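Starting off, we have a lone chain in the form deposited in one PDB entry, written out as structure tokens.
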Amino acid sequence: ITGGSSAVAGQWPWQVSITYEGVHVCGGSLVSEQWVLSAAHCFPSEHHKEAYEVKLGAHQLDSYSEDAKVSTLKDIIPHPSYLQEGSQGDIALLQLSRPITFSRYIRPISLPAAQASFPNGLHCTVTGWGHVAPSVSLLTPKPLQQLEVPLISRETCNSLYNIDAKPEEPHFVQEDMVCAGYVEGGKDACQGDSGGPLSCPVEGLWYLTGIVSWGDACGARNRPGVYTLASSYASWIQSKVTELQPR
């Protein structure tokens, strides 16, 4: 996250770190005792399932914590419509190898209804342990960063992404995506934040409105963060989890 601030421990207790071969590569969001949501782009087919971990309950990634917990995965389920970089369907359900126990620091985020609308301009928060500027990693001990971002409709966002765009890039905010952020530079999610949550306030609670999707930009003007709408997959998530792990 560039242009944000440190969260405080426990503030975003659904935020998870996903690592591949021991290196943090993406965020994710805890949604039940055994399931996490992240982005499909974080799970390329050539990667090996057994090489992923998910760290829950963390604030400073590099610090010892008795509250953090690490898990492997027993299933990785990208939405089947996700085809290539920038595609719709950029969401993945991850089933932990074993269920975890919720705590002060590890709690699921509520998922929105299929037809939940989060209005343009709502101030949501994106969080992660990604880069704090282009090609600049978050410095150890890596406290979780957060950035408050107003929701930007996909229509406005597509017109911003057209400005000074590379002709050969599609930069397309799909029908299952929304944006959030600023037209000015300097405030954005960056490499390593993708897959993580856009948490929005509703009636005193927090919902997972979005999952950070595609992008190279880290703070460029006219490149607000692009997110997959969890609402676009509410039915698929409920169907999959109910069939695979009924409560």
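The first residue of the sequence shown is number 1, and the count goes up from there.
What follows is about the form solved in complex with a small molecule, which we do not show.
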If contact means a heavy atom within 4.5 Å, which one of 198 to 206, 185 to 193, 48 to 56, 65 to 73 is the stretch that engages the small molecule in the bound PDB entry? 185 to 193
So in the bound PDB entry, does any heavy atom of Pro143 sit within 4.5 Å of the small molecule? no
Taking the small molecule as it sits in the bound PDB entry, is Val36 near enough to touch it, meaning that at least one heavy atom pair lies within 4.5 angstroms? no
Report yes if any heavy atom of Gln88 sits within 4.5 Å of a heavy atom of the small molecule in the bound PDB entry; otherwise report no. yes
Are any of the heavy atoms in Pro170 no more than 4.5 Å from a heavy atom of the small molecule in the bound PDB entry? yes
